[PDB]
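Read the single chain below, which is given as structure tokens and is the form deposited in one PDB entry.
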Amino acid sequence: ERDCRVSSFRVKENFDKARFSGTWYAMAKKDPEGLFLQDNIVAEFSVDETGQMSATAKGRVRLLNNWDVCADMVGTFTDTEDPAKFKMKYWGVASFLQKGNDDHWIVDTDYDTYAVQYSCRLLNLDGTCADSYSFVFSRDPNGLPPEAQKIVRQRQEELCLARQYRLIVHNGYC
């Protein structure tokens, strides 16, 4: 129907790390294989004086087959040629928590309302993503306003993920 090659995906022009800092509530998520963050996902972004963006996140994570738990995650982002595309090294405060390094793209954001993040962990041989995940963030835990919601829907479709998200709830579980 459209172009689903990851290399074709537009990301936030002149992404501004500073303006992006602060609390972002995950309102929806498209899970990758072996999903980790389950719900009640709240991210806290920061940028140090060197311009290096980093983040922490708290939320219900699924450790084992049948049950989950509340966990604190940490992430440091390494810049790339594209201001909106990063390499995110992450780990949990708990040594045994999932550790890794995923691409982290800020697909779109208006900084004070919504943010659409995307990560393709593995490309298919045709350039489309084989294993991806994406978070739609809101500055307000109560959700995005209609205008932002509509923009996010468009963004989700551009990522070829619009039918693959699930809502993230925030019920003080953690």
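We number the residues from 1 along the sequence you see. If you superpose the two forms and keep the largest set of C-alpha atoms that fall within 1.5 Å, you have the rigid core.
Not pictured, yet referred to below: the form deposited with a small molecule bound.
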I'd like to know whether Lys85 contacts the small molecule in the deposited complex, with contact meaning heavy atoms within 4.5 angstroms.
no
The small molecule contact in the deposited complex: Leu37, any heavy atom under 4.5 Å
yes
The small molecule contact at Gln98 in the deposited complex, heavy atom, 4.5 Å:
yes
Quick one: does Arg139 come within 4.5 Å of the small molecule in the deposited complex, counting heavy atoms only?
no
Among 107 to 115, 141 to 149, 122 to 130, 52 to 60, which stretch has residues with heavy atoms no more than 4.5 Å from the small molecule in the deposited complex?
52 to 60
The residue to pick from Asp131, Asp68, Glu44, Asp140, given a Cα shift of 2 Å or more between the shown form and the other one after core fitting, is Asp68
Do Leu64 and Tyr90 move together or apart in the deposited complex, judged by C-alpha distance changing 3 Å or more?
farther
Direction of the Cα shift between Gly59 and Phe96 in the deposited complex, where the change is 3 Å or more
closer
